[PDB]
Amino acid sequence: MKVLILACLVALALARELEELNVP
Amino acid sequence: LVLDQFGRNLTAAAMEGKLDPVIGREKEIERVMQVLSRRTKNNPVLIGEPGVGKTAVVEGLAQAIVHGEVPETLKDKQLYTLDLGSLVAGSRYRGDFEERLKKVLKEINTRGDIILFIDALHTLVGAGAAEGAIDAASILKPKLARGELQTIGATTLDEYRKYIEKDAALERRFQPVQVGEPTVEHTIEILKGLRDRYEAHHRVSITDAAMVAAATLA
Amino acid sequence: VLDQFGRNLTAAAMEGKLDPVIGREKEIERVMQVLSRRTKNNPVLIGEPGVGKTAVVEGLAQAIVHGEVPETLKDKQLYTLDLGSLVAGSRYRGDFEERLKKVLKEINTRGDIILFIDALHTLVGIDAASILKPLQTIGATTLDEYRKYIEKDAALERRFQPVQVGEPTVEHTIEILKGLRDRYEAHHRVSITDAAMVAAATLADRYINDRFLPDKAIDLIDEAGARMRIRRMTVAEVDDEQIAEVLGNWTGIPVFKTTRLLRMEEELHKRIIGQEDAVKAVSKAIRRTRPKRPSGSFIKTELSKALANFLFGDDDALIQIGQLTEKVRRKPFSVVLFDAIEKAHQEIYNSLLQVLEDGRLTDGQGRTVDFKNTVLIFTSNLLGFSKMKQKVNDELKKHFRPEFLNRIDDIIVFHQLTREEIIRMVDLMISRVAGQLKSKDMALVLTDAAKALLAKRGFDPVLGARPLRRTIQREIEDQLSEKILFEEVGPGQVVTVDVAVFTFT
Ligand SMILES: Nc1ncnc2c1ncn2[C@@H]1O[C@H](COP(=O)(O)OP(=O)(O)OP(=O)(O)O)[C@@H](O)[C@H]1O
Ligand SMILES: Nc1ncnc2c1ncn2[C@@H]1O[C@H](COP(=O)(O)OP(=O)(O)O)[C@@H](O)[C@H]1O
Ligand SMILES: Nc1ncnc2c1ncn2[C@@H]1O[C@H](COP(=O)(O)OP(=O)(O)O)[C@@H](O)[C@H]1O
Ligand SMILES: [Mg+2]
């Protein structure tokens with residue numbers, strides 16, 4: 001009779017640090 | 001010239017026989033030529049799954065130009081596969097990337113017989129974008145407006161929506177050409193047209209039974 | 001300054017530079033109602049990609065220069081704003097922020113500027129959002145991106161009024177094409193017939209299903225006019241024959257481009273064998289259409305398949321059942337088959353019930369799916385002393401209510417299995433394996449005795465004729481797989497299954 005509602009964990013991460021290209 | 005140090009002239013490669021024979025796919029080589037002659041949405045981007053011959057359609061377009069099997073408005077055009085890698089390479093200074101791309105676009109407008117081909121058009125987003133520098137996408141987006149830049153593109157179906165589609169500006173200018181995966185019977189005719197390339201590289205003989213088996217078993 | 005960023009659509013409307021927007025007078029009127037308001041005075045043209053929502057603002061700018069614009073909107077210079085150009089320049093970073101602020105400082109320096117933003121979601125996900133606070137702005141997103149970005153901000157919904165720009169009908173996009181006729185006639189120097197435009201509107205809705213009405217139809221007219229300019233280089237009258245040639249290269253289908261086609265009855269039975277009277281019964285029911293309700297409604301699986309092939313081209317145009325949303329949005333010209341409706345309870349009577357009354361399902365997905373060219377099919381059925389013939393139809397009347405069985409097109413019955421019908425199914429299933437033997441240069445002939453044995457075994461009408469596929473391969477193919485490996489039968493051999501036990505040469 002019962003239903004278990006589980007819990008779909010989503011993949012959530014902080015924004016990526018980037019590495020820069022230099023122009024002198 | 002300016003275009004040889006960045007792009008690869010596919011039309012010159014088709015004169016020297018360095019491009020594979022693109023048999024079949026004719027109804028879409030001539031469809032690319034339809035899209036290049038349109039009012040707006042005149043930039044054919046070849047969308048299709050990886051391997052169906054999107055690069056081969058433009059390589060088959062280059063072979064159609066050198067055979068005189070194109071219209072006179074696309075007669076003796078020079079296809080250039082502008083790779084973004086040679087365009088970014090160098091550029092150890094400022095504007096180096098925008099002026100190397102301005103000199104490409106000035107050379108396209110000066111000679112006026114260049115059909116630009118941007119293979120992997122999704123990679124146009126974020127090319128040469130250096131610190132305090134604008135990528136190759138921001139430089140051309142405008143040129144597309146002026147229509148001073150008929151380009152041919154080639155993305156996958158995933159990376160067409162993932163990028164080129166989104167850009168609403170590009171939408172009214174880029175026209176997705178479905179490059180379909182060929183059938184088995186179409187693939188056998190591709191393999192028959194490619195016998196003499198693979199029979200000469202391996203110095204073997206490829207029977208008709210093998211090519212029917214190659215397309216069926218694959 | 002706007003003099004070097006974005007196109008002045010009002011100035012382009014004075015010169016006739018904009019393509020004429022024929023139709024759309026109701027949606028342009030709606031946009032003038034929003035711009036005339038005090039609060040929420042910023043339209044967001046919700047449409048689909050290529051629906052004509054930029055043409056509403058192009059048609060708005062043409063309405064400004066005609067004087068058909070309200071007194072709060074007289075001589076408003078309507079600018080689209082080119083994103084990706086206010087970049088064009090690095091001094092160094094923050095450039096696109098600092099340059100966009102200089103544009104907005106000229107907008108409130110003047111007072112007659114209305115910005116159009118063709119992708120309003122791209123400025124949500126200076127951002128302008130702030131300057132919006134008090135510069136009227138027309139946006140244009142899709143309905144997926146309206147519910148993702150614009151409605152999900154209460155600081156962007158107290159000012160952004162949604163305006164619907166719907167997909168035109170097949171009728172309405174013809175006058176779009178007839179209004180745009182002189183642009184595409186003059187661009188290719190080739191006249192385009194009215195028939196071609198009736199074709200390019202009808203055939204684009206029918207066969208292009210990822211693109212939307214206005215564009216799709218214009219894409220066929222533009223490319224057929226372009227095709228005519230090419231082959232006169234290798235007065236020339238783009239026709240309806242020309243549109244099917246161009247759409248035959250878009251879709252890659254053979255040119256069969258319908259009442260004549262609908263004349264099936266014999267134009268079929270490639271996969272349907274037996275069941276002959278139900279095939280003649282679904283002829284006159286599908287041709288009742290030739291509304292917003294599906295093309296056919298019926299209460300067999302193969303029947304559907306061959307109905308998907310004959311009506312809708314593809315064998316894989318049969319959808320066997322979101323769960324039917326965004327997969328009939330993809331193909332709205334599909335036969336929707338409902339497998340074993342007896343084994344589902346009443347929660348399924350909302351995507352087959354309100355679609356015979358509306359044909360549209362608004363949902364939480366974000367699009368209204370179109371059921372007006374589908375063929376809905378339900379698959380329901382597969383005491384004492386005594387001394388189906390024609391009736392199965394009363395079972396489902398007693399099962400669920402006939403408050404929409406007069407809304408079902410036709411409740412057809414299926415007739416009983418025939419001994420000759422199953423023999424005609426045995427030599428149909430031997431074709432699946434005879435082709436695999438002709439790849440070996442073998443030939444598989446059978447006898448009437450052997451074909452009657454396989455008809456006699458595994459045919460049970462409770463299970464339809466499913467048990468027959470097992471009976472072919474357990475008896476023929478398991479004993480034919482061994483004799484190839486035993487090499488009793490090699491290439492260049494005729495195999496004659498006779499006689500009970502199956503034996504051959
Ligand atoms: N019509 C054709 N005739 C002959 N060869 C073909 C044809 N189509 C594709 N090929 C060959 O198939 C191979 C792959 O084609 P191609 O590299 O153009 O595919 P693609 O879709 O552009 O691939 P990717 O997505 O990885 O860039 C090449 O050897 C190419 O020459
Ligand atoms: N009502 C209309 N009248 C005239 N042309 C139209 C109309 N609706 C769309 N079009 C044309 O169809 C194409 C649709 O482009 P656009 O309106 O920018 O699409 P979207 O609204 O999806 O961004 C353009 O060529 C446009 O001029
Ligand atoms: N006229 C026909 N009616 C029913 N089944 C058929 C017919 N012709 C062939 N068959 C075969 O009989 C089986 C039918 O089972 P199924 O696919 O569940 O559909 P249904 O029982 O509704 O006809 C399939 O293997 C199908 O290929
Ligand atoms: Mg490629």
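Coordinate-derived values only; no laboratory data. Note: ideal-geometry Cβ built from the backbone for every residue, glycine included; neighbour counts use all protein chains shown.
Could you please report the charge total around residue C:297, scoring K, R as +1 and D, E as -1 over all other residues with beta-carbon less than 11 angstrom from its beta-carbon? Here the count lands on +1.
Comparing mean-square fluctuations of B:14, B:145, B:56 from a GNM of chain B with C-alpha springs under 10 Å, the top value falls on B:145. Equivalent ellipsoid of the stretch C:289-431: semi-axes from √(5λ) of the C-alpha gyration tensor, largest first, are 30, 22, 13 Å.
Principal axis extents of the Cα atoms in the stretch B:173-218, from largest to smallest and rounded to whole angstrom, are 46, 22, 13. Only helical runs count toward this figure. For chain C, summing -39,500 (n - 2.57) over DSSP H runs of n ≥ 4 and dividing by all residues gives -10500 deg cm²/dmol at 222 nm. Model label sites at residue C:365 and residue B:213, defined 7 Å from Cα along the beta-carbon direction, differ in position by 4.5 nm. In this structure, the pairs whose alpha-carbon distance is over 20 Å, taken from C:343/C:397; C:26/C:327; C:300/C:391; C:270/C:305; C:292/C:397, are C:26/C:327; C:292/C:397.
What FRET efficiency would be calculated for the residue pair residue C:74, residue C:154, taking the C-beta separation as r and a Förster radius of 30 Å, to the nearest 0.05? Taking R0 as 30 Å, the efficiency between residue C:74 and residue C:154 is 0.40. Ellipsoid fit via the Cα gyration tensor, chain B: semi-axes of 32, 19, 17 Å, each the root of five times an eigenvalue, largest first. Simple point charges give the picture: +1 on the Cβ of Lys and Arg, -1 on the Cβ of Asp and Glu, and for the protein assembly as shown a dipole about the Cα centre of about 1560 debye. Each 10 Å bin from zero up to the one holding the largest Cα-Cα distance in chain C carries the following percent of pairs: 3, 14, 19, 19, 17, 12, 8, 6, 3, 0, 0. Any idea what log10 I(q)/I(0) is at q = 0.05, 0.07, 0.08 Å⁻¹ for the protein assembly as shown, Debye with uniform C-alpha scatterers and no solvent? Relative scattering, expressed as log10 I(q)/I(0), comes to -0.35, -0.67, -0.86. Derived scalar couplings between HN and Hα for the stretch C:155-160 equal 8, 9, 10, 7, 9, 9 Hz in order, rounded to whole Hz, by the Karplus curve 6.51 cos²θ - 1.76 cosθ + 1.60 (θ = phi - 60°), x for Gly and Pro. For residue C:232, project a label point 7 Å along Cα to C-beta. Then give me every residue of the stretch B:6-50 with its amide nitrogen under 17 Å of that point. The answer is B:34-35, B:37-39.
Karplus-based coupling profile of the stretch B:80-91, in residue order and whole Hz: 10, 7, 5, 7, 6, x, 5, 7, 6, 5, x, 6, with θ = phi - 60° in 6.51 cos²θ - 1.76 cosθ + 1.60 and x standing for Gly or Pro.
In summary, the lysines within cross-link reach of residue C:102, defined as a Cα separation below 24 angstrom excluding same-chain residues under 8 places away, comprise B:141, B:143, C:76, C:133. Each label was represented as a point 7 Å from its Cα along the Cα-to-Cβ direction; for residue B:1 and residue C:406 these points are 7.7 nm apart. How much net charge surrounds residue C:36 when only the other residues with a Cβ under 12 Å from the Cβ of residue C:36 are counted, with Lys and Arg +1 and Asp and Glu -1? Taking every other residue near residue C:36 into account, the sum is +4. For residue B:114, what residues show an amide H to amide H distance below 5 Å, using hydrogens built from the backbone and excluding near sequence neighbours? The list, which skips near neighbours in sequence, is B:78.
Phi angles across the stretch C:24-38 convert, under the Karplus curve 6.51 cos²θ - 1.76 cosθ + 1.60 with θ = phi - 60°, into 3J(HN,Hα) values of 6, 6, 7, 6, 5, 4, 5, 5, 5, 6, 6, 5, 8, 7, 8 Hz, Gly and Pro given as x. Inter-label distance, residue C:263 to residue C:330: 3.6 nm, where each label sits 7 Å from its Cα along the C-beta direction. Solvent-free Debye calculation, one equal scatterer per alpha-carbon of the stretch B:27-134: log10 I(q)/I(0) at 0.15, 0.17 Å⁻¹ equals -0.74, -0.91.
To the nearest 0.05, how large is the calculated FRET efficiency for residue C:135 and residue B:72 if R₀ is 41 Å and r is the Cβ-Cβ distance? According to the calculation, E is roughly 0.25.
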